[PDB]
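S.K.: Dumping the structure here so I can ask a few things about it.
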Amino acid sequence: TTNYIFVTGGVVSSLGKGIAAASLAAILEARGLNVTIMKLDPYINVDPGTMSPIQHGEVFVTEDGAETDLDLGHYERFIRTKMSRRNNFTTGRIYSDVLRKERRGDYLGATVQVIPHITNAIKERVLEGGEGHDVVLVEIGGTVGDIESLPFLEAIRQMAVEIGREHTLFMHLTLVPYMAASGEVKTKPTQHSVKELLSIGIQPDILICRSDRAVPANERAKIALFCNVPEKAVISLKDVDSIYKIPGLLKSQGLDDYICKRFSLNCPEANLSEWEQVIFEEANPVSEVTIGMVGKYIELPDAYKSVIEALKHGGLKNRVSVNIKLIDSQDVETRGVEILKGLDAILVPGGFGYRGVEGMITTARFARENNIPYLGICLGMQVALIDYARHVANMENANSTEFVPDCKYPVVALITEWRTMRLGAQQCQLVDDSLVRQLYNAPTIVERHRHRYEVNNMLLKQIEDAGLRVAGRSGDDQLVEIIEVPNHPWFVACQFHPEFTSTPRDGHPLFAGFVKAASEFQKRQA
Amino acid sequence: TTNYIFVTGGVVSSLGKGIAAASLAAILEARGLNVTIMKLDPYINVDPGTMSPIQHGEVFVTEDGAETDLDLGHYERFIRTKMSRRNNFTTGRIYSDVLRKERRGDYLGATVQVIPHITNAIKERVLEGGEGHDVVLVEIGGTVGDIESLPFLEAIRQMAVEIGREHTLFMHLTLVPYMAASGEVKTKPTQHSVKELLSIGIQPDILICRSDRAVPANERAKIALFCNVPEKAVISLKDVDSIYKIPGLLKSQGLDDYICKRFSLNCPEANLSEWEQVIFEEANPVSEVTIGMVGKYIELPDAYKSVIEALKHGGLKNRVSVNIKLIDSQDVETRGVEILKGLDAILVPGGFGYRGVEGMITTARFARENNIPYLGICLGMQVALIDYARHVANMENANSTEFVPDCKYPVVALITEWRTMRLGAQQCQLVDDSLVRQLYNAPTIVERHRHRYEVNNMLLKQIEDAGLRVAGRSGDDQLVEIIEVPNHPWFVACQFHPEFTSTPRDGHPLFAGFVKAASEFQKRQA
Amino acid sequence: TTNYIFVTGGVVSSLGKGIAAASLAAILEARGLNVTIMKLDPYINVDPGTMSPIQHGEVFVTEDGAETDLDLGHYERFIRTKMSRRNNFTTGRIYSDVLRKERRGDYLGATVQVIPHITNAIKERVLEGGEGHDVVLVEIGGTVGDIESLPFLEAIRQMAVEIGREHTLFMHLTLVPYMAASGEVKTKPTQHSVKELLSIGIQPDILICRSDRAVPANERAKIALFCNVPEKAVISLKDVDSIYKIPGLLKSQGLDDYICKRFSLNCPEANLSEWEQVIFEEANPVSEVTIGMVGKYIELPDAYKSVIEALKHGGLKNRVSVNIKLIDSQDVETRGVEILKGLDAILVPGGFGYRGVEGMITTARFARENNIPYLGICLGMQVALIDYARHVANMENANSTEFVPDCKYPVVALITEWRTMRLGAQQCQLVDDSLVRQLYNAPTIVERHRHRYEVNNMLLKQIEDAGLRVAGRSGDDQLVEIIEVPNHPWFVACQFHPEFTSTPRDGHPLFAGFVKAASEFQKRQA
Ligand SMILES: Nc1ccn([C@@H]2O[C@H](COP(=O)(O)OP(=O)(O)OP(=O)(O)O)[C@@H](O)[C@H]2O)c(=O)n1
Ligand SMILES: Nc1ccn([C@@H]2O[C@H](COP(=O)(O)OP(=O)(O)OP(=O)(O)O)[C@@H](O)[C@H]2O)c(=O)n1
Ligand SMILES: Nc1ccn([C@@H]2O[C@H](COP(=O)(O)OP(=O)(O)OP(=O)(O)O)[C@@H](O)[C@H]2O)c(=O)n1
Ligand SMILES: *CC(=O)CC[C@H](N)C(=O)O
Ligand SMILES: *CC(=O)CC[C@H](N)C(=O)O
Ligand SMILES: *CC(=O)CC[C@H](N)C(=O)O
Ligand SMILES: Nc1ncnc2[nH]cnc12
Ligand SMILES: Nc1ncnc2[nH]cnc12
Ligand SMILES: Nc1ncnc2[nH]cnc12
Ligand SMILES: [Mg+2]
Ligand SMILES: [Mg+2]
Ligand SMILES: [Mg+2]
């Protein structure tokens, strides 16, 4: 039978709900259980594809081609269950489905109301997502006490009643502020948040308290007294330097044992050896390289969360501390190549639009002509090819049909325009003589795509003759996926997204090689 | 171990909470359990002795001398557990106790707050009241969602947590209104009341729905869905003609079985034979007499609730329907003796003050001179003696020192003034030649007193010579308790309160004889 | 006509409500208005005399002898209106008054309820406190959303309706937390607190936001949007180093102009010259002395708030930075005189009990024998006299009858025991040849007392012969109030409390002289 844990937040948002849910799922997975996580967003957007990177952050791509939130990236980094479209949906999706059915006439002339019909749709989606697992962690976005999240809370309360309270738990996150005047930690906001959740109709079973420091025992006893929660179920989660210590903290406080007691599960003791290994590797670097990431969404760092974490994972595998410096593309466009000095390696991540693309072309030129290690992802691969064709093959302002519709040299164009967006995991074939073959150590690889424009095969032969090699191709139309500069210490560009598959316990060959190249370059340049 | 049921009300007051609690206790007592009931009043009055009859109703006197509410009269009528001071207390009592302790210094210089100290006092009183019983029914006055009753609800929530939820139940009463426009019963007020109770921090276990008619099954299913309560625990209690059918209704709906399942009690099936006997006796009268009750608090009928019910009980024992007509004393004072015509018997209950006493004297005169059966209780006994002394013994305006401090003939006076209030049960000795001896059929009786002024023994010998007999006396000072007119079909006056001991299953000899005399008088006067 | 401002707090307590109310009253007083402040405490204690210093802090003594809270000390430091018993009362006081009246029978047999009677008592007290002033600031203790403060809020809502909304304002204090994760300030707790206050029935007119930093304009616009408050009435009050800058900040944000617009008051522009003078004096010290305060309540610094502020005020008058070091008396008792080294002056404040008194005697001995400046207040004066009598006059363990009832040498005793607590302001006569005469520069002074035991006049002549001089006496019994050591640079002890009369704009002669003596001692000892 399937057990459900519902995770909600109070007082303020931005408490770190996804990280805590991922850590708890990691602990449960370490005990041999089959767990999954699903995210509920109170957004009217049907999917985050329309959303821009400088509002919520990077868009995560699943194996099957769904576009989701950064939370699913967190979950895939923490557990070994592959996410899909069933692990994330919004309010807009539910309303669209119900409106479609009502227009089609599926409700047989009945009045379509919120409490029966909207909450029925929500419950159906939650059950279909959780089917086939031992434990399901359902995280509810928004703060408890807001108009936007009331249908979700009502649905989960009804679901808890229908399923049974011996298979459902409720977990509430709160903020315990610290006041420097009295020098104490205040428990009143938690009390009022529990009161609001009770007014909705849900009794918390576990209270997770978020604070700068650890919550004292007397404060936890007070919380237990005022919130109908047992004293053992008031769990403290202080701020940490590394998110990889959070499973250890929650395990030491006994959250896993309490959850297993309530759900009547007889699972062996948790083995957190891999997480301890990750902590040990992180705590003991032997070097320090600086990587320059040049992109257009520098203002909001969450636009590159997966890429930053993948660089960190590669550093962990190479036992090297990685220092990411963010460089704005328009700065390179106007100020020049001065900013790019003092960098052991350069990374150009993906993006949409023409703003800052010229700066990216300048950056690729500088890296290629200065033998600085370079990694290009999606848009970076395109700008690298454009720079190589223009300034090494003399294509006289070759560009992409994305930016200039008519430039007489469409090196990058839609597959139709060789003179719909590719989504999901695709298979790619690696050439035996290239760097990526020795990096992956496999004949073929599988990676995820979120692009529209491709590399023009008609103009590809000339650029190949100029010296640029192709390291990977698709399955049917032999679309170019990986390119490489031969006369370079390390110069790899890829059409797909490798950051959506790196994990702190396994890493990724591409980023490990990139960081190793950066370390070797700094040792050479010292 | 002791189990606790906490009974609260919502939407509106005056739902009949005490009757429902008494009926449930009756059902539990019919299964062989040791139950008790306690009442919590949100009043600032320390005790109802200061309160006037035309605000809340008659004052109930326990065996030990406590003054309480009408609810304790209900409870003593429904169960066979004697009440005391431990079964009723107010907010004012708790605050007085805590203020006394704080002034005395018992709190050792700590700050006396509401949540720790007031609720600790409340919990201590509740535990001391409930000690030594199988089940304790704690009824909380006021509506849920009011300022006045928040300390009580907080205290009972904390008590439920401390004691354990396998020994505590919460029962909520609500109003299900009926709207004649749509012709339906509305469940929304119940939903909002349950939400308010949850906001306080209590989850109901049982919902009792009050309505003119029975609540339909679909409405109950809706209530169960919206209130986290199982569908079997939504109990309908419609308006009834007789409060004696309520235990049968609650038993038929399965409330007792659910309560016994939750508390893990193995008690035999309920035997409600006596209540069925009472219903059968009530439903089948053979006669119809009319009794005139003359008093000063006629405006509020709750000022004579116990006396009215005792007359009804006597009628049930005599298989006679009793029709109580209320006559205002000042009406007799001004309009005259015209109102008292067409009455088979006359009752004068107790009271305080001089307003209307002359009308009572007129009424006693009329009854004595017309051979109409007469019953006098406390003040009625005094006015009967005054009338007999004045208009048969020629005492020339003899009165009580209560009304006129100096009248030269103090037939009624304080024990000091023979030329502090007696409270509780006292023993009395019956004379062998009198009516009350054959009525009680016992050498001695025990009854309850709530009076200050007594009968003057110095002037008693003359009135005894005039013809009036004394039927009962006290133990030490031979205070007169019962008097009788010999040349009358039925003329009994008592100093105590016999209505505080009549029950529908046992009755009372005095009221049974009074009603029988009324029936005989009507048969004679045909 | 009298205008009322009601000040409440939300989210958490300890926001600094009294300081903000005092600053606003200071601004209004700077515009020529007649203002007063009153404090409402949700305590069951009738008065803080029973409370101990290590729970809430020092007890404030008014001119008329009332014992109050530290808030009244704040108010007297900020405005020039003398407080009294009418400026502070608790829940326990209101309940005691109502219980007394109900027992006495003043309510004529009616039921005494919370909403009519308790709130009527509260309103009567508030009106009697505010009568005769232009503006009244009523501060309500407790957080909005607690059981303990609901009667106060209901009373003030009813009062606002009765008086009129053109003479009543509501001011709400909230916490705007800062989250280091996102690096933003969160407005959600303020939104929920305003919702709770609205649920009680009060619409805020002004929102005062408390935070580490200043609240940004966009956040304030959001607060205005969500809370029905105009954008100009959302006032930011960040944490400050000096509480004397708070009136300037509130004045710069336009709170005074808004309040005067709402109340239709035409008062001249605020003149905050004196507060600017205080800030200038504080910001520019020329020296740095360290003062050792030795006492028994060192654990809670609020037990000496007035004394600490008075030392700071004296330093401001002497343009000297004052560094207060707290020394525990039992430390001196056990560890010895080692702790008292490196101190330019020593202060012994008052207290009750024998614990630590021996350490105080040791400290007085050390100061007297080392010519370190010494100030003694109440208990300190007693221990100084005990030390002088024992170790200079050889009284062989002379003590107070407070500690040892029978010691054969009662230098300190009750006025009866020469072989009830003095409260309020009393007049004292200064001797012309003493230090205090040149300090006060007046024949007589008026100060406040909170003591029981006095100096024995019978044994006083011997100690006077030994060398100790008496500098002040009472009016009728010539009770000793001030003593002095002649062969000392500065050694003054007083029976009264001079810290209850020092203000940052006027200071106090005694503490100014004490701090000047400390500076001279350090210059000598350098
Ligand atoms: N549900 C509650 C809980 C507390 N109190 C009252 O609130 C006061 C406590 O002050 P406060 O410090 O604000 O409460 P804490 O529980 O200590 O909250 P915090 O942890 O933030 O300090 C006490 O007098 C108590 O009677 C109340 O009225 N209602
Ligand atoms: N907690 C709830 C429950 C009901 N609904 C909505 O309220 C409407 C139902 O109307 P109403 O008759 O007032 O609700 P009932 O449950 O039928 O209440 P009642 O028994 O009084 O008729 C439905 O559209 C439903 O979506 C809601 O918004 N919130
Ligand atoms: N009364 C309100 C106000 C806000 N929202 C929703 O809450 C979300 C905003 O998230 P949050 O940051 O928590 O709200 P803020 O107003 O920005 O609160 P804060 O200042 O603490 O960040 C929005 O989607 C909005 O639709 C809501 O449902 N009910
Ligand atoms: C994948 C990405 O960053 C988009 C690049 C470009 N706009 C495209 O191919 O769609
Ligand atoms: C018992 C009663 O009705 C009071 C009667 C008279 N006032 C008395 O004796 O106190
Ligand atoms: C005023 C003070 O500190 C008390 C000192 C001593 N106990 C007394 O006189 O009461
Ligand atoms: N304990 C924690 N410390 C830091 N960031 C967090 N995000 C979620 N939980 C966290
Ligand atoms: N069901 C009911 N009918 C009439 N009066 C009542 N008082 C309490 N319950 C009642
Ligand atoms: N703004 C403020 N800074 C510091 N302490 C305070 N107490 C009250 N208001 C304050
Ligand atoms: Mg506290
Ligand atoms: Mg309906
Ligand atoms: Mg926000």
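So you can find residues: chains in the structure tokens are A, B, ... in the order shown, residues in each start at 1, and ligands are numbered from 1 in order.
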Just need the residues of chain C within 12 Å of chain A, counting only C-alpha atoms, so spit them out as a ChimeraX atom specification.
M.R.: /C:10-16,142-146,174-193,195-196,210-212,226,239-241,300-302
S.K.: Would you mind exporting C-alpha atoms of the selected residues as a PDB file, in the first residue's frame?
M.R.:
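Contents of part-v3.pdb, as written:
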ATOM      1  CA  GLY C  10       1.858  41.769  15.960  1.00  0.00           C
ATOM      2  CA  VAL C  11       3.918  38.795  14.769  1.00  0.00           C
ATOM      3  CA  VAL C  12       6.246  38.766  17.792  1.00  0.00           C
ATOM      4  CA  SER C  13       6.589  40.640  21.055  1.00  0.00           C
ATOM      5  CA  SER C  14       9.761  42.482  22.134  1.00  0.00           C
ATOM      6  CA  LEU C  15       9.481  44.795  19.123  1.00  0.00           C
ATOM      7  CA  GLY C  16      10.060  47.892  21.260  1.00  0.00           C
ATOM      8  CA  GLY C 142       0.551  41.228  24.405  1.00  0.00           C
ATOM      9  CA  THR C 143       0.525  40.199  20.777  1.00  0.00           C
ATOM     10  CA  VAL C 144      -2.578  40.552  18.630  1.00  0.00           C
ATOM     11  CA  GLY C 145      -4.031  37.071  18.325  1.00  0.00           C
ATOM     12  CA  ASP C 146      -3.664  35.909  21.924  1.00  0.00           C
ATOM     13  CA  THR C 174       4.941  44.391  13.053  1.00  0.00           C
ATOM     14  CA  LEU C 175       8.184  42.587  12.289  1.00  0.00           C
ATOM     15  CA  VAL C 176       9.511  42.520   8.726  1.00  0.00           C
ATOM     16  CA  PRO C 177      12.018  39.642   8.781  1.00  0.00           C
ATOM     17  CA  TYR C 178      15.065  39.471   6.543  1.00  0.00           C
ATOM     18  CA  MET C 179      15.939  36.142   4.924  1.00  0.00           C
ATOM     19  CA  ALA C 180      19.603  35.749   4.000  1.00  0.00           C
ATOM     20  CA  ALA C 181      18.811  33.022   1.451  1.00  0.00           C
ATOM     21  CA  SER C 182      16.972  35.225  -1.040  1.00  0.00           C
ATOM     22  CA  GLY C 183      18.414  38.395   0.484  1.00  0.00           C
ATOM     23  CA  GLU C 184      14.989  40.040   0.691  1.00  0.00           C
ATOM     24  CA  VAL C 185      12.648  41.408   3.341  1.00  0.00           C
ATOM     25  CA  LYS C 186       9.413  39.460   3.726  1.00  0.00           C
ATOM     26  CA  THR C 187       6.036  41.156   4.132  1.00  0.00           C
ATOM     27  CA  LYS C 188       3.831  38.085   4.617  1.00  0.00           C
ATOM     28  CA  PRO C 189       3.818  38.059   8.468  1.00  0.00           C
ATOM     29  CA  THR C 190       2.622  41.673   8.445  1.00  0.00           C
ATOM     30  CA  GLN C 191      -0.197  40.719   6.071  1.00  0.00           C
ATOM     31  CA  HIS C 192      -1.327  37.882   8.324  1.00  0.00           C
ATOM     32  CA  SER C 193      -1.113  40.058  11.443  1.00  0.00           C
ATOM     33  CA  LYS C 195      -5.725  39.980   8.897  1.00  0.00           C
ATOM     34  CA  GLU C 196      -5.870  38.817  12.532  1.00  0.00           C
ATOM     35  CA  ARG C 210      10.354  46.926  12.497  1.00  0.00           C
ATOM     36  CA  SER C 211      13.395  45.433  10.797  1.00  0.00           C
ATOM     37  CA  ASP C 212      17.171  45.318  10.970  1.00  0.00           C
ATOM     38  CA  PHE C 226      -2.584  44.292   1.037  1.00  0.00           C
ATOM     39  CA  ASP C 239      17.135  49.269  14.381  1.00  0.00           C
ATOM     40  CA  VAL C 240      19.197  52.144  15.772  1.00  0.00           C
ATOM     41  CA  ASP C 241      22.205  52.492  18.035  1.00  0.00           C
ATOM     42  CA  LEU C 300      18.716  39.925  33.991  1.00  0.00           C
ATOM     43  CA  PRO C 301      20.036  43.384  33.022  1.00  0.00           C
ATOM     44  CA  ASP C 302      16.498  44.816  33.002  1.00  0.00           C
TER      45      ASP C 302
END
S.K.: Taking 4 positions as the minimum chain separation for residues in the same chain, which residues sit within 9 Å of residue 76 in chain A when counting only C-alpha atoms? Answer as a PyMOL selection string.
M.R.: chain A and resi 22+71-72+80-83+500-501+503
S.K.: Taking 6 positions as the minimum chain separation for residues in the same chain, which residues sit within 6 Å of residue 38 in chain C when counting only C-alpha atoms? Answer as a CSV table (one decimal) with N, CA and C atoms, in the first residue's frame.
M.R.:
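What landed in selection.csv:
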chain,number,residue,atom,x,y,z
C,87,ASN,N,-2.0,55.7,34.9
C,87,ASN,CA,-1.3,55.5,33.6
C,87,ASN,C,-0.9,54.0,33.4
C,88,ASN,N,-1.3,53.1,34.3
C,88,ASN,CA,-0.9,51.7,34.2
C,88,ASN,C,-1.9,50.9,35.0
C,138,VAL,N,-2.4,55.1,24.1
C,138,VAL,CA,-2.8,53.9,24.9
C,138,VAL,C,-2.0,52.7,24.2
S.K.: List as an NGL selection string the protein and nucleic acid residues lying within 10 Å of ligand 4, with only C-alpha atoms and all ligand atoms counted.
M.R.: :A and (348-354 or 377-383 or 400 or 402-403 or 412-414 or 420-423 or 449-455 or 495-497)
S.K.: Excluding same-chain residues fewer than 2 positions from range 430-434 of chain B, what lies within 6 Å of it counting only C-alpha atoms, as an NGL selection string?
M.R.: :B and (436-437 or 443-444 or 471-472)
S.K.: Go ahead and save the picked residues with C-alpha atoms, as a PDB file, in the first residue's frame.
M.R.:
ATOM      1  CA  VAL B 436     -46.915  14.038  56.011  1.00  0.00           C
ATOM      2  CA  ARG B 437     -46.172  10.993  58.167  1.00  0.00           C
ATOM      3  CA  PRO B 443     -40.198   8.515  60.956  1.00  0.00           C
ATOM      4  CA  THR B 444     -37.765  11.097  59.556  1.00  0.00           C
ATOM      5  CA  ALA B 471     -45.800  18.445  61.464  1.00  0.00           C
ATOM      6  CA  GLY B 472     -42.001  18.637  61.473  1.00  0.00           C
TER       7      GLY B 472
END
S.K.: Using only C-alpha atoms and all ligand atoms, which of the listed residues (B:94, B:139, B:237, B:393) sits closest to ligand 8?
M.R.: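 So, comparing all the options, the nearest one is B:237.
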S.K.: Which residues come within 7 Å of range 518-523 of chain B, counting only C-alpha atoms, excluding same-chain residues fewer than 3 positions away, as a PDB file with N, CA and C atoms, in the first residue's frame?
M.R.:
ATOM      1  N   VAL B 289     -56.214  17.975  35.670  1.00  0.00           N
ATOM      2  CA  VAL B 289     -56.435  18.980  36.696  1.00  0.00           C
ATOM      3  C   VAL B 289     -55.614  20.209  36.341  1.00  0.00           C
ATOM      4  N   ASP B 344     -58.203  23.751  40.512  1.00  0.00           N
ATOM      5  CA  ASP B 344     -58.352  22.581  41.363  1.00  0.00           C
ATOM      6  C   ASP B 344     -57.377  22.574  42.530  1.00  0.00           C
ATOM      7  N   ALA B 345     -56.271  23.309  42.435  1.00  0.00           N
ATOM      8  CA  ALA B 345     -55.304  23.384  43.519  1.00  0.00           C
ATOM      9  C   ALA B 345     -54.455  24.629  43.325  1.00  0.00           C
ATOM     10  N   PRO B 373     -57.186  22.646  47.586  1.00  0.00           N
ATOM     11  CA  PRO B 373     -55.891  22.098  48.004  1.00  0.00           C
ATOM     12  C   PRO B 373     -54.772  23.110  47.820  1.00  0.00           C
ATOM     13  N   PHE B 514     -50.277  15.885  46.688  1.00  0.00           N
ATOM     14  CA  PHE B 514     -50.877  17.155  46.294  1.00  0.00           C
ATOM     15  C   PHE B 514     -51.688  17.017  45.006  1.00  0.00           C
ATOM     16  N   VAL B 515     -51.133  16.336  44.003  1.00  0.00           N
ATOM     17  CA  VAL B 515     -51.843  16.171  42.739  1.00  0.00           C
ATOM     18  C   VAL B 515     -53.048  15.248  42.909  1.00  0.00           C
ATOM     19  N   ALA B 526     -67.665  18.991  40.392  1.00  0.00           N
ATOM     20  CA  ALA B 526     -67.946  18.603  39.017  1.00  0.00           C
ATOM     21  C   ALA B 526     -69.174  19.334  38.494  1.00  0.00           C
TER      22      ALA B 526
END
S.K.: For each of C:223, C:327, C:470, C:249, take the minimum atom-to-atom distance to ligand 12, counting only C-alpha atoms and all ligand atoms, then give the residue where this is smallest.
M.R.: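 Counting only C-alpha atoms and all ligand atoms, the residue closest to ligand 12 is C:223.
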S.K.: Any idea what's packed within 10 Å of residue 258 in chain B, counting only C-alpha atoms, ignoring anything in its chain fewer than 6 positions away? Could you give it as JSON, numbers by chain?
M.R.: {"B": [206, 232, 233, 264]}
S.K.: For range 150-166 of chain A, list every protein, DNA or RNA residue within 10 Å, evaluated using only C-alpha atoms, and leave out those in the same chain fewer than 5 positions away; present the list as a ChimeraX atom specification.
M.R.: /A:2-6,8,40-42,91,114-116,118-124,126-127,138,140-145,197,200-203,262-264 /B:225-230
S.K.: Quote the spacing between CA of residue 129 in chain C and CA of residue 89 in chain C in Å to one decimal place.
M.R.: 10.3 Å
S.K.: For the strand (DSSP E or B) assignment from backbone DSSP, which residues of range 245-363 of chain B qualify? Please present them as a list in words.
M.R.: residues 288, 289, 290, 291, 292, 293, 294, 295, 321, 322, 323, 324, 325, 326, 327, 328, 345, 346, 347 and 348 of chain B
S.K.: CA of residue 238 in chain B and CA of residue 261 in chain B, how far apart in Å?
M.R.: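 If I compute the distance from CA of residue 261 in chain B to CA of residue 238 in chain B, I get 24.6 Å.
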S.K.: Given the choices B:75, B:280, B:418, B:95, which gets closest to residue 319 in chain B if the distance is worked out from only C-alpha atoms?
M.R.: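 Closest residue, counting only C-alpha atoms: B:280.
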S.K.: Find the distance between CA of residue 99 in chain B and atom 4 (C, counted along the ligand's line) of ligand 6 and write it in Å to one decimal.
M.R.: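 Here the two named atoms are 25.0 Å from each other.
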S.K.: Out of B:113, B:68, B:487, B:457, which residue has the shortest atom-to-atom distance to ligand 10 when counting only C-alpha atoms and all ligand atoms?
M.R.: B:113
